[PDB]
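Working notes, beginning with the structure itself.
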Amino acid sequence: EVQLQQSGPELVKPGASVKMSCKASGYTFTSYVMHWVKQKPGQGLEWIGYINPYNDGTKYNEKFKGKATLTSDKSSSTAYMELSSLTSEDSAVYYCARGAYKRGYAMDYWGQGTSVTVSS
């Protein structure tokens, strides 16, 4: 029933911004927070932050503040993440993941992911 539909992959020149979407369905959108997570091939999953649709409350990993920007549109059941001033370090697959409250940072559902590539 639940699904998280992410936007398609982007190829971008350095210094570009990108804005990516995560369209939720099969559940009440304001009932759950939406996490975002970064995955490089060389590393484990890295939490970026989450937004709570019900009150637009955000919480960020300290390294991603001023880099990532999380927003949400309740009417369209859609989370968004904007990444600015992209560099090669930003090249990764990015996932939205529904917060399984309770409890904690646990994430019960995941989007298919959005590959961002910075080149050259």
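FYI, nothing fancy with the structure tokens labels: chains A, B, ... in order, residues from 1 per chain, ligands from 1 as they appear.
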
**OP:** Write out as a PyMOL selection string each polymer residue whose atoms come within 8 Å of residue A:73, counting only C-alpha atoms; drop sequence neighbours fewer than 5 positions from it.
**Re:** chain A and resi 53+78-79

Selected residues written out, N, CA and C atoms, as a CSV table (one decimal), in the first residue's frame:
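Saved file result-v4.csv follows:
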chain,number,residue,atom,x,y,z
A,53,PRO,N,5.9,16.9,8.1
A,53,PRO,CA,4.9,17.6,7.3
A,53,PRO,C,3.8,18.3,8.1
A,78,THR,N,4.1,15.4,-1.0
A,78,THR,CA,5.4,15.4,-1.6
A,78,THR,C,6.5,16.1,-0.7
A,79,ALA,N,7.5,15.3,-0.3
A,79,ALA,CA,8.7,15.8,0.3
A,79,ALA,C,9.7,16.3,-0.8

**OP:** Could you jot down the atom CA of residue A:63 to atom CA of residue A:98 separation for me, Å, one decimal place?
**Re:**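 A separation of 21.2 Å between them.
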
Original post:
What is the atom CA of residue A:17-atom CA of residue A:60 distance in Å, reported with one decimal?
Top reply: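 Computed distance, atom CA of residue A:17 to atom CA of residue A:60, equals 18.4 Å.
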
Original post:
Contacts of stretch 25-38 of chain A at 8 Å or less, counting only C-alpha atoms, minus same-chain residues fewer than 3 places along, as number ranges by chain?
Top reply: A: 1-4, 45-54, 74, 77, 79, 81, 92-101, 107

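Each of A:115, A:103, A:91, A:86 was compared to residue A:18 using only C-alpha atoms, and A:86 turns out to be the nearest.
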
Original post:
So what do you get for atom CA of residue A:10 versus atom CA of residue A:64, distance-wise?
Top reply: 19.5 Å

Original post:
Can you list every residue in chain A that DSSP puts in strand (DSSP E), as a VMD selection string?
Top reply: chain A and resid 3 to 6 10 to 12 18 to 25 34 to 39 46 to 52 57 to 60 68 to 73 78 to 83 92 to 99 107 to 110 114 to 118

Can you pull out every residue from stretch 18-71 of chain A that DSSP, working from the backbone, puts in helix (DSSP H, G or I), and format the result as a JSON list (two decimals) with N, CA and C atoms, in the first residue's frame?
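Generated output (selection.json):
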[["chain", "number", "residue", "atom", "x", "y", "z"],
["A", 29, "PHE", "N", -0.04, 11.47, 4.94],
["A", 29, "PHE", "CA", 1.26, 12.12, 4.80],
["A", 29, "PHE", "C", 1.77, 12.88, 6.03],
["A", 30, "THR", "N", 0.86, 13.50, 6.78],
["A", 30, "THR", "CA", 1.27, 14.28, 7.95],
["A", 30, "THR", "C", 1.48, 13.42, 9.19],
["A", 31, "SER", "N", 1.05, 12.17, 9.11],
["A", 31, "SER", "CA", 1.18, 11.23, 10.22],
["A", 31, "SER", "C", 2.62, 10.81, 10.51],
["A", 62, "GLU", "N", 24.30, 17.93, 11.40],
["A", 62, "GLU", "CA", 25.00, 19.20, 11.52],
["A", 62, "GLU", "C", 25.81, 19.53, 10.27],
["A", 63, "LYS", "N", 26.38, 18.51, 9.64],
["A", 63, "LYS", "CA", 27.18, 18.75, 8.44],
["A", 63, "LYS", "C", 26.35, 19.19, 7.23],
["A", 64, "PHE", "N", 25.08, 18.80, 7.19],
["A", 64, "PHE", "CA", 24.22, 19.17, 6.07],
["A", 64, "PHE", "C", 23.48, 20.51, 6.15]]
